[PDB]
Participant: 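Take a look at this one; I'll ask things after.
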Amino acid sequence: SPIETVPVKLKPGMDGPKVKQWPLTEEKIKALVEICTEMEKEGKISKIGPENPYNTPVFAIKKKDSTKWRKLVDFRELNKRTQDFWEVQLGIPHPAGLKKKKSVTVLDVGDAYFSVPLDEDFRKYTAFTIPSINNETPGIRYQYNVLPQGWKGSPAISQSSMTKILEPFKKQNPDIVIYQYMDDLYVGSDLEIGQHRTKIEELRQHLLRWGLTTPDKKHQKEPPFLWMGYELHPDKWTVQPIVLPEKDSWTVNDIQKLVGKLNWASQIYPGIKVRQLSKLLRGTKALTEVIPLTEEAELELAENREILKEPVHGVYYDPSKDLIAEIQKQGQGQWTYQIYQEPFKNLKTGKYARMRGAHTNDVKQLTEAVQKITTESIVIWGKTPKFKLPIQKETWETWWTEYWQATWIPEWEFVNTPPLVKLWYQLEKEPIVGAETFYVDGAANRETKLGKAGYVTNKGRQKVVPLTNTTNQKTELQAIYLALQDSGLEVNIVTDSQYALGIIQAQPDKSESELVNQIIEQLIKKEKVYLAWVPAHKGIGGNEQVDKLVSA
Amino acid sequence: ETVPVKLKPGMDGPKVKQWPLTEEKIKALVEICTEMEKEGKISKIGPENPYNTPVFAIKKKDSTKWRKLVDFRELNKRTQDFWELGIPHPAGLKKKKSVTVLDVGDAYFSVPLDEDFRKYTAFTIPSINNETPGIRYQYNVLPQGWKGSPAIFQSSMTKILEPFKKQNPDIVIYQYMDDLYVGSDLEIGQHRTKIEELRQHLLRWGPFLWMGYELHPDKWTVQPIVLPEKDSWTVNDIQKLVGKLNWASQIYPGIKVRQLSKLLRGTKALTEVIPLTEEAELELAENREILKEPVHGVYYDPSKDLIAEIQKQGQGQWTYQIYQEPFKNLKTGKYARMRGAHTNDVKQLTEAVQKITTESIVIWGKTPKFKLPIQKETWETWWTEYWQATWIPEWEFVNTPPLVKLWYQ
């Protein structure tokens with residue numbers, strides 16, 4: 001009651017919920033009345049008259065082999081009609097972001113929401129009805145006085161109220177650290193065990209005065225202290241192996257919880273994949289929807305399961321030392337990294353997978369990994385780590401000074417741990433004196449898909465090859481490939497293909513396209529290659545002669 | 001009290017996520033916001049406000065004092081254009097010898113904001129490691145960075161600069177966002193006496209006001225299209241020339257290459273020297289003439305976006321073009337970076353973007369939309385580290401190397 005209420009509104013233009021109550025049995029109904037009578041004595045709900053035109057379906061379900069009836073109100077419709085709220089959390093605290101504290105205590109404040117009052121003018125929209133047996137008396141009408149379980153704003157409103165409550169206490173004890181994540185309140189300090197317990201007493205009493213009660217007569221168990229899934233020890237933290245459900249048919253509720261757990265585990269474990277499994281589940285119905293797992297969703301589930309079978313250990317953050325990030329190339333567009341302050345004492349270890357795309361190269365990927373690590377580090381520690389990278393300072397210099405895009409990597413040092421990232425080929429800036437000049441071109445008929453690719457050189461060397469089931473773009477790359485195969489170690493190549501030039505100027509070292517890959521393999525074998533572009537159909541010659549041979 | 005304000009029809013407020021901030025920036029924002037809350041400029045808000053706009057902090061040229069910067073780009077596009085007001089742009093500003101830029105955003109804090117509009121200005125100071133929920137606030141007064149701020153303060157600004165304006169008739173003063181552009185043809189000595197005189201005017205008429213960013217528009221170099229002048233041309237040189245002229249023919253229809261292409265008849269080595277025919281020499285002469293004259297009657301269209309393209313030329317050099325319709329450039333330029341031995345490409349681009357935006361405001365009264373030659377992830381991770389302006393233009397990223405790079409030297 002002392003807690004101030006948050007004003008809530010329905011979305012503009014919308015009216016309250018008016019869903020019909022499904023008929024129930026004498027037993028379920030008999031239990032619902034028993035449950036609601038107790039809730040009404042607690043002030044959680046209040047009996048209303050027949051004026052209120054709103055209604056939300058109410059169900060009752062007993063527990064599994066641990067028999068008892070429990071009320072279940074489906075606020076699905078009301079949630080669709082409630083305003084949006086600020087979500088105070090989707091950013092999950094990482095255990096390595098915590099600083100070491102002498103004493104710690106984890107208080108759970110899960111039912112706190114059921115103790116927070118609901119805006120008086122919004123209560124009418126939470127009305128529900130306990131059906132009458134035999135349909136002989138009017139159904140019993142109730143409405144909520146506190147944040148209902150399952151309502152859209154309960155999570156955000158309860159967390160907000162909790163913050164306001166703790167502010168004064170935090171203000172009087174600036175040396176104590178209090179963190180909230182869902183039902184867990186982490187409280188840490190550098191006070192001797194004796195005085196710590198004392199401060200905890202005060203905090204608990206403080207929460208009580210506002211109508212919020214912590215589970216009493218309880219102290220979880222001895223070290224470590226479990227906080228939001230983390231096992232916190234004096235100088236190290238641990239996450240136990242995560243056991244994922246093993247089952248036949250997957251429902252959309254089981255799946256949303258799986259993805260939620262995986263999301264949480266993602267920043268702790270390396271290589272967790274939740275994209276495939278999460279391309280489904282939109283047309284929602286939780287507790288009763290069976291969605292078949294797709295072949296790729298099963299493969300990823302299997303892989304995730306294997307990764308989550310190992311424990312994860314790490315140390316805490318020491319603000320007095322540098323943050324260091326080391327990265328290694330694992331192949332297959334995969335990279336691993338470790339962040340630490342003291343060698344072999346890792347704060348966080350992870351993995352970065354190559355972003356989708358037709359073409360790519362190791363330098364671009366290493367750069368992407370560095371940015372990702374930088375951002376993740378700023379989130380957890382508020383600063384950028386110093387990097388140890390498997391690329392020579394000279395290689396990097398050659399790369400960024402010649403690359404057509406602006407690029408940069410923060411303070412780093414070369415670390416020699418093979419395989420090293422390097423530049424596989426480097427095109428010339430000017431034409432090569434004494435090197436044969438190949439004028440290339442290709443063309444295709446879009447109706448028949450038949451094409452030709454070829455070249456003519458200054459030494460009279462020539463070639464035209466007939467192709468089938470191809471395109472203008474493919475024949476243009478084919479002509480370039482032909483010139484590379486038939487020339488010496490040094491070669492000048494003239495093309496009018498803007499497409500081919502765009503691919504090559506992007507400097508790929510690997511591609512999805514087998515044709516580009518063959519070209520790359522050929523470029524790697526050359527000593528010097530100068531690629532020149534010219535406008536098509538402009539009477540240039542060489543280009544014009546080969547263009548003719550490749551048409552018709 | 002307040003002048004009524006609303007979002008454009010059918011649009012709700014902004015809901016843009018806050019990006020991660022370093023511990024150093026979070027500490028400065030907390031200090032700054034605590035003070036502002038005490039001064040009544042902002043107030044904490046509850047979870048029933050779902051709106052959000054990103055916030056960060058910067059340091060200007062000299063200053064060792066952090067300045068809060070709210071990225072109101074989303075709110076700005078959703079805010080009903082002001083006409084019932086609008087601040088007109090003076091075409092004479094660009095033609096001035098000296099233009100000094102002053103940060104007067106502080107003055108906006110003296111005006112209350114429409115109570116019903118306040119919720120849309122919500123912002124959150126993030127916390128490290130998400131240990132605590134972010135500190136949420138909304139503005140009670142006109143916010144710096146919101147396009148509606150100068151529009152509403154306009155009458156007040158006029159009444160404040162009237163005494164100065166009457167004593168200095170030919171000095172141009174343009175207000176854009178939190179900036180005031182003061183141009184005159186005076187000599188730097190007096191020009192700067194006038195500025196300080198304008199400064200004292202504001203301190204008297206009611207914390208970075210003391211600063212001053214001076215520009216010299218009248219000397220903003222332009223960049224025409226030029227052709228090489230050589231005594232001996234190779235096949236390669238001619239091929240490059242024909243490619244550039246072909247490109248130029250999209251801007252000047254009078255360009256001819258027929259005779260030059262006729263020099264490449266056969267299949268010659270790229271390094272072979274080719275003598276120029278009288279015909280070719282003539283053609284080259286005619287094209288060279290055409291290229292000196294300006295493009296055909298191009299004019300700025302106030303109802304269309306301004307687009308700015310930038311190319312990295314290497315050794316710290318950058319070229320850029322501003323246009324509304326392709327091949328109809330309103331301006332082209334080139335930058336001789338602060339350092340050629342500079343080792344930070346991204347910082348250079350960020351500085352180029354700010355200079356180009358400044359030039360754009362002075363000339364057309366608005367910022368252009370940028371096509372940046374950089375990967376989004378790289379730009380998004382670093383740009384705020386080098387930003388020093390109080391405004392922020394819109395941008396997109398170019399992922400395909402453009403050919404027009406070597407032609408825009």
Side-chain angles (χ1 to χ4, degrees), chain A residues 22 57 59 61-66 70 72-77 79-80 87 89-95 149-152 155 181-183 226 228-230 238-312 330-337 348-358 360 365 368-369 372 376 512, chain B residues 17:
Chain A
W22 304 91
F59 302 92
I61 83 167
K62 261 207 296 293
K63 282 270 240 289
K64 310 200 65 178
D65 259 4
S66 284
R70 171 169 49 87
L72 172 71
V73 178
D74 168 44
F75 287 114
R76 238 155 60 218
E77 208 74 60
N79 293 336
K80 292 187 191 66
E87 183 176 58
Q89 76 177 347
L90 247 189
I92 309 179
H94 188 285
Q149 185 185 181
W151 176 56
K152 190 178 176 185
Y181 190 74
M182 297 185 163
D183 65 293
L226 302 165
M228 58 171 294
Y230 309 138
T238 297
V239 165
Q240 294 299 315
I242 308 297
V243 178
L244 273 38
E246 228 157 345
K247 58 183 61 178
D248 208 356
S249 284
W250 289 83
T251 159
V252 62
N253 173 292
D254 282 328
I255 295 175
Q256 274 186 169
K257 295 187 174 183
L258 173 58
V259 173
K261 183 72 178 61
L262 256 30
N263 282 327
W264 173 82
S266 280
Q267 84 170 323
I268 303 297
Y269 289 82
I272 290 299
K273 285 190 296 181
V274 53
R275 199 270 258 176
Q276 268 308 78
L277 292 158
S278 265
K279 248 191 67 177
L280 305 154
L281 77 124
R282 277 207 48 281
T284 289
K285 218 318 165 52
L287 162 72
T288 351
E289 263 310 281
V290 184
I291 298 165
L293 258 52
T294 205
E295 182 57 302
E296 276 62 62
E298 262 293 2
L299 221 66
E300 127 181 286
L301 178 63
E303 272 133 50
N304 281 329
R305 191 186 297 288
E306 214 61 13
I307 298 172
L308 298 180
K309 194 52 189 172
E310 202 54 37
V312 181
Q330 292 310 328
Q332 288 307 77
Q334 234 84 58
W335 307 68
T336 53
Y337 69 84
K348 184 178 199 301
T349 58
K351 209 145 167 288
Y352 174 70
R354 192 261 299 192
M355 263 171 62
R356 291 185 299 92
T360 178
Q365 285 177 40
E368 293 174 0
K372 181 66 178 181
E376 300 187 323
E512 225 70 64
Chain B
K17 295 179 178 181

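Lettering follows sequence order; numbering is per chain, from 1.
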Participant: Under the side chain to side chain contact (heavy atoms under 4.5 Å, CB included) test, which residues partner A/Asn253, sequence neighbours left out?
Facilitator: A/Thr251, A/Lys257, A/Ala286
Participant: What pair of heavy atoms forms the shortest contact from A/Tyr352 to A/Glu368, and how long is it?
Facilitator: OH-OE1, 2.8 Å
Participant: Mind running side-chain hydrogen bond (donor to acceptor under 3.5 Å, both in side chains) on A/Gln89 and A/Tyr181 for me, showing each step along the way?
Facilitator: CA-CA 8 Å; A/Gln89 76 177 347; A/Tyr181 190 74; 5.1 Å; no
Participant: For residues 257-286 of chain A, pull every pair meeting ring pair (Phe, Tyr, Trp, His ring centres under 6.0 Å), keeping only residues two or more places apart or in separate chains.
Facilitator: A/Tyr230-A/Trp264
Participant: Does a side-chain heavy-atom distance below 4.5 Å link A/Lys348 with A/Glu376?
Facilitator: yes
Participant: According to the salt bridge (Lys or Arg N to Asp or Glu O under 4.0 Å) rule, which pairs have a member within residues 301-311 of chain A, sequence neighbours left out?
Facilitator: A/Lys273-A/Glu303
Participant: Quick one: CH2 on A/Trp335 to CZ on A/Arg354, what's the gap to the nearest 0.5 Å?
Facilitator: 11.5 Å
Participant: Would you please name every residue forming a side chain to side chain contact (heavy atoms under 4.5 Å, CB included) with B/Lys17, sequence neighbours left out?
Facilitator: none
Participant: Is there any ring pair (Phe, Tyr, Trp, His ring centres under 6.0 Å) pair reaching into residues 292-312 of chain A, and which pairs are they, with sequence neighbours excluded?
Facilitator: none
Participant: Would one find more than 12 heavy atoms of other residues, nucleotides or ligands at under 6.0 Å from atom CD of A/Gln330?
Facilitator: yes
Participant: With sequence neighbours excluded, tell me which residues meet side-chain hydrogen bond (donor to acceptor under 3.5 Å, both in side chains) with A/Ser278.
Facilitator: none
Participant: Can you name the residues that form a side chain to side chain contact (heavy atoms under 4.5 Å, CB included) with A/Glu77, not counting sequence neighbours?
Facilitator: A/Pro17, A/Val19, A/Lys80, A/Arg81
Participant: Look at atom CG of A/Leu226 and say whether more than 12 heavy atoms of other residues, nucleotides or ligands are closer to it than 6.0 Å.
Facilitator: yes
Participant: Less than 4.5 Å apart, any side-chain heavy atom of A/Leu308 and any of A/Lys261?
Facilitator: no
Participant: How long is the span from the CG atom in A/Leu293 to the CG atom in A/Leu299, to the nearest 0.5 Å?
Facilitator: 11.5 Å
Participant: With a 4.5 Å limit on heavy-atom distance, are the side chains of A/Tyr337 and A/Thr349 in contact?
Facilitator: no
Participant: Which value, rounded to the nearest 0.5 Å, describes the distance between A/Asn304 atom CG and A/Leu262 atom CG?
Facilitator: 4.5 Å
Participant: Suppose the criterion is salt bridge (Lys or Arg N to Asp or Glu O under 4.0 Å): which pairs have a residue in residues 242-251 of chain A, not counting sequence neighbours?
Facilitator: A/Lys247-A/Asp254
Participant: Does any N or O in the side chain of A/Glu300 come within less than 3.5 Å of the main-chain N or O of A/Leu277, such that one atom is a donor and the other an acceptor?
Facilitator: yes
Participant: Restricting to side-chain hydrogen bond (donor to acceptor under 3.5 Å, both in side chains), what partner residues turn up for A/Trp250, sequence neighbours left out?
Facilitator: none
Participant: Would you check if there is a donor-acceptor pair between the side chains of A/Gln365 and A/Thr360 at a distance under 3.5 Å?
Facilitator: yes
Participant: Which pair of non-hydrogen atoms, one from A/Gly150 and one from A/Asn79, has the smallest distance, and what is that distance?
Facilitator: O-ND2, 3.1 Å
Participant: When rounded to the nearest 0.5 angstrom, what is the spacing between CD1 in A/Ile242 and CD1 in A/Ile268?
Facilitator: 9.0 Å
Participant: Could you note down all residue pairs passing salt bridge (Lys or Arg N to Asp or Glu O under 4.0 Å) where residues 281-298 of chain A supplies at least one of them, sequence neighbours left out?
Facilitator: none
Participant: Output all residues satisfying side chain to side chain contact (heavy atoms under 4.5 Å, CB included) with A/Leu72, sequence neighbours left out; order by chain, then residue number.
Facilitator: A/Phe59, A/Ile61
Participant: Let me confirm one number: the CZ-NZ distance from A/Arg70 to A/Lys63, rounded to the nearest 0.5 Å.
Facilitator: 4.5 Å
Participant: Between atom CD1 of A/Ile307 and atom OG of A/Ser266, what is the distance when rounded to the nearest 0.5 Å?
Facilitator: 9.5 Å
Participant: Listing request: all ring pair (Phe, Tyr, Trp, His ring centres under 6.0 Å) pairs with a residue in residues 274-296 of chain A, at least two apart in sequence or in separate chains.
Facilitator: none
